[PDB]
């Protein structure tokens, strides 16, 4: 619609970090992440760092953390909501077993096609079923077709932040009991800690309010147990109880 520009340059928060020290973040990346980062993940990240929406790219240390969760819980079928150039998707496909399957959802397939050659060189494209659509209609259609034996083990939500609570209502029924739902960016550059934060783009302010509401909802939701983790831009792990 008409109005204000909403590109990455129009945002105010992209350079703000949740860690106190930029040196500490760089130490973590150079000591414990890059030596453990798949060669195709490196290439995918380096191209994405030059893309016009580079700030949306998931943090590399968070990527290795998501991989660790997937392997430790022996995930086999996963769903990803928000693919962009595919760094978390390629991370997920490399973590799953040979016969693992991923449902990847994003409104923009041209983003996915930037990383697709790296995913192909890694040899894990066969695991991925990409769906070019808005996530919410796809999730609602799944609620009409998916049977108990096909529930997902793991869900990574990293798409349009104001819709997280809406995705949550579907994902607590699409993920198996004891499965995991991970919401990205639940600390939103640290702005969630304040009731009001000046100097934000309208979309950044909307995400601050939605995340402040989401973090309260998730902490009070009896259907899941949660753990908020201050890695990357913050994430919240949910484990379905019933």
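Residue numbers count along the first chain shown, from 1.
Novice: Of the two stretches 162-170 and 141-149, which shows the higher Cα B-factor on average in the entry?
Specialist: Averaging CA B-factors over each stretch, the winner is 141-149.
Novice: Quick check on the record: does 114-122 or 80-88 carry the larger mean Cα temperature factor?
Specialist: According to the entry, 114-122 carries the higher average C-alpha B-factor.
Novice: Comparing recorded Cα B-factors across 63, 202, 178, 35, which one is largest?
Specialist: Largest recorded C-alpha B-factor: 202.
Novice: Check where residue 191 lands among this chain's C-alpha B-factors and tell me if it's the lowest, middle or highest third.
Specialist: Answer is middle: the recorded C-alpha B-factor places it there.
Novice: How does the C-alpha B factor of residue 75 compare with the rest of the chain: lowest, middle or highest third?
Specialist: Its C-alpha B-factor, which the entry lists for residue 75, ranks in the middle third among residues of this chain.
Novice: Going by what the PDB entry lists, where does residue 95 fall on CA B-factor within its chain: lowest, middle or highest third?
Specialist: Its C-alpha B-factor belongs to the lowest third of this chain's values.
Novice: Looking at the C-alpha B-factor of residue 213, is it in the lowest, middle or highest third of its chain?
Specialist: Highest third.
Novice: For the chain shown, is the CA B-factor of residue 233 in the lowest, middle or highest third of its modelled residues?
Specialist: Residue 233: CA B-factor falls in the lowest third of its chain.
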